[PDB]
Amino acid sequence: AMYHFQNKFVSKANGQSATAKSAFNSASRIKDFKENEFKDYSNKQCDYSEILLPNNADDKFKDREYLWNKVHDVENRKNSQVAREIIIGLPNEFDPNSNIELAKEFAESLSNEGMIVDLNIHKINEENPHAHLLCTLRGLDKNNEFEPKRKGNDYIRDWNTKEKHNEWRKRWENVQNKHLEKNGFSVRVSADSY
């Protein structure tokens, strides 16, 4: 019954971590190898967790611990951006089961592009059901290795452009409105303002 779409970067230049975020959002304990710490946020809340892969991805990446360590490996810089976090507002009139399928579908539209998505749904059965989406900033190659982000000043993927940003905003509107109609609600949602 409300629109909310946030697109942000997870950067090490601000003391952030992919292992910390994945643990904080999934309410699990994940080991960081390069720092030999244990990111233990298992005392947090999380009602649904899933990792969604693109077509040419190995089943290894469905493990949350391996994934973000493999990512940190490629992001071997002190200012390296490790991931992209997308949080979305879920309609609070939805039951958990239908709220999952809604968030699951939009996440699969991202893995079709094709990123790896760490989907975690927070506080269902509450006033503000939302879903965090940790997405990789690189794609996979023929050898299941991360491709580079950059070639000179140009990008390899179009994931970081305004056109793709505004596309994702409109996509979340359409997907959400579709599920709102399917479950039998007269309520719809919009992305723009003014």
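From 1 onward, residues are counted along the sequence shown.
Placement of the Cα temperature factor of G89 within the chain: lowest third of the modelled residues, per the deposited record.
Among the modelled residues of its chain, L137 has a C-alpha B-factor that falls in the lowest third, as given in the PDB entry.
The deposited CA B-factor of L67 belongs to the lowest third of values across its chain.
When the modelled residues of the chain are ordered by C-alpha B-factor, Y48 sits in the middle third. Among the modelled residues of the chain, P129 sits in the lowest third by CA temperature factor in this PDB entry.
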